[PDB]
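In what follows, a single structure is set out as structure tokens and then discussed.
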Amino acid sequence: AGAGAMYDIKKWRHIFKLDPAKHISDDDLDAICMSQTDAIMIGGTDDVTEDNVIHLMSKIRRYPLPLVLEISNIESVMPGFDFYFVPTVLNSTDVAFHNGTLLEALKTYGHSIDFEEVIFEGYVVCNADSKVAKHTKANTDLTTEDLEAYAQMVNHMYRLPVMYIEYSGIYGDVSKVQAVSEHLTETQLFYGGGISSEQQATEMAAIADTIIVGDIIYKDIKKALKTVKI
Amino acid sequence: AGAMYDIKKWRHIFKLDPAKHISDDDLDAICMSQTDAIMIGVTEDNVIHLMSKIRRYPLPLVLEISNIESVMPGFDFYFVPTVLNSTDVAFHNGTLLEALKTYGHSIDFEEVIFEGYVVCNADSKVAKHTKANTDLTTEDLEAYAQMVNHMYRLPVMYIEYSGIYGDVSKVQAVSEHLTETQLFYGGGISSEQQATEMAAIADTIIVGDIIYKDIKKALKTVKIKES
């Protein structure tokens with residue numbers, strides 16, 4: 001990620017994350033895209049395809065806010081996004097999710113990538129009962145110490161621009177997010193999982209630099225909208 | 001302070017395997033050579049002795065930490081490998097996670113240099129040990145070079161051919177994608193000819209085995225051309 005790209009992204013506090021495998025009505029998408037969120041991120045687990053990413057991105061391009069793709073696989077990578085976020089799932093037991101899939105993507109597209117718009121994210125999946133934990137083969141048996149060690153790894157050795165604490169499916173352990181933040185300095189802390197109110201949004205946004213809100217969008221659009229009130 | 005501790009200026013490093021034997025005379029010869037640093041790759045007692053001798057000379061002494069048992073004070077820098085083409089997460093960051101849980105409170109990270117390794121010799125011990133994918137085409141290596149330089153943005157990419165001399169066109173292809181990341185090359189350098197050919201591509205060559213096989217040839221490996 002370039003210095004200008006991180007200057008812009010460091011200002012973001014709230015991102016609405018859309019799963020292209022899910023359907024979202026025009027009314028709901030319009031409410032999301034016209035809201036006070038800082039950016040829309042397309043991301044999913046399995047079932048992220050060229051067709052469904054194309055279909056969703058085409059509807060979102062009708063709006064001016066930043067649109068980013070969290071790359072899930074090679075098939076769905078495509079031009080047109082403002083930034084590309086690439087997870088390396090640090091607690092995955094499978095190298096495909098560390099850099100194996102990335103390697104294949106770089107072989108295919110490396111010739112023409114603008115790496116200043118690519119943000120490599122150190123991702124730690126923390127909820128066992130989630131499609132992302134199952135999909136990424138994550139080891140979720142993690143203690144606060146494990147998380148602090150991953151935070152030191154990301155901030156001091158890899159020095160990645162973003163560490164993403166992912167609790168997809170439930171509201172996370174606030175003390176753990178706090179513990180991780182104490183080790184992050186130049187790396188931004190993104191947190192996602194279970195946020196469905198102004199209060200949960202505010203609580204996690206007081207610790208993380210940027211909160212990611214996703215599932216609530218499909219369950220209660222008005223509750224989703226309250227999450228931008230940080 | 002000085003060019004001496006600036007890793008970006010180093011062109012040649014003699015790498016010692018503390019499990020191997022080296023005479024005091026041969027060690028002094030290495031230490032008084034124009035190499036830029038000595039790198040040691042828990043046989044702790046030979047290591048403490050080894051360090052005591054090298055410290056009689058004004059040259060950087062660094063430790064490459066291979067396992068959690070390698071942890072140890074007294075070095076100028078601590079180089080930590082991540083084997084990017086390993087098929088086992090322990091060698092990407094699993095072992096590193098355990099080491100940080102144990103020692104992360106006591107480490108000064110400014111002295112730690114993370115090395116993005118690509119192990120290239122199928123018939124080597126490290127490849128077997130790390131379960132490395134060594135079926136690398138030039139395109140595979142170019143993609144790992146982009147990954148290290150642009151995504152992980154590590155300070156060092158280390159191409160390791162272990163006991164054999166590698167493929168110059170592949171090391172060349174790699175070098176073309178590296179800008180801020182320094183290229184270390186190690187593998188079978190046993191002559192001034194080989195040292196010179198690789199040092200014209202890599203930023204720093206690492207010379208190890210020849211030290212134990214023929215000290216005279218090893219000493220000739222410091223004769224390279226200007227960068």
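Every chain is numbered from 1, with letters handed out A, B, ... down the list of sequences.
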Next item on the list: Step through the shown structure and confirm whether more than 12 heavy atoms of other residues, nucleotides or ligands are within 6.0 Å of NZ on B/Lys20.
Entry: yes
Item checked: Considering all heavy atoms, the nearest B/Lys101-A/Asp146 contact -> NZ-OD1, 2.7 Å
Check: Would you call the rings of B/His150 and A/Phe115 parallel, tilted or perpendicular if under 30° counts as parallel and over 60° as perpendicular?
Finding: parallel
Checklist line | Most contacts with chain A, counted as non-hydrogen pairs under 4.5 angstrom, among B/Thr87, B/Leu154, B/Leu96 | finding: B/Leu96
Check: Considering only heavy atoms from C-beta outward, does the side chain of B/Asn93 approach that of A/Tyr158 to under 4.5 Å?
Finding: yes
Next item on the list: Output all residues satisfying salt bridge (charged side-chain N to carboxylate O under 4.0 Å, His left out) with B/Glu160, sequence neighbours left out; order by chain, then residue number.
Entry: none
Check: So which of A/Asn91, A/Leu106, A/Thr88 has the biggest tally of heavy-atom pairs under 4.5 Å with chain B?
Finding: A/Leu106
Margin query: Are there over 12 heavy-atom neighbours, none belonging to B/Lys15, within less than 6.0 Å of that residue's NZ?
Written below: yes
Check: Counting only heavy atoms not in A/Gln178, do more than 12 fall under 6.0 Å of its CD?
Finding: yes
Check: Relative to chain B, which segment of A/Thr108 carries a heavy atom at a distance below 4.5 Å: side chain, backbone, both, or neither?
Finding: neither
Next item on the list: Between chain A and each of B/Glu139, B/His177, B/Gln146, B/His105, count heavy-atom pairs under 4.5 Å; write down the option with the most.
Entry: B/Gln146
Notebook entry, point to check: Around atom NZ of B/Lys53, are there more than 12 heavy atoms of other residues, nucleotides or ligands at under 6.0 Å?
Noted result: yes
Margin query: I'd like to know if the side chain of B/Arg153 and the backbone of A/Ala1 have a donor-acceptor N/O pair within less than 3.5 Å.
Written below: yes
Next item on the list: Return the option, out of B/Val89, B/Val112, B/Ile107, with the maximum number of heavy-atom pairs under 4.5 Å with chain A.
Entry: B/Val89
Margin query: Can you tell me if A/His55 has over 12 outside heavy atoms packed within less than 6.0 Å of its NE2?
Written below: no
Check: Should the heavy atoms of other residues, nucleotides or ligands under 6.0 Å from CD of B/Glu176 be counted, would the total exceed 12?
Finding: yes
Next item on the list: Please state whether the side chain, the backbone, both or neither of A/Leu90 comes within less than 4.5 Å of a heavy atom of chain B.
Entry: both
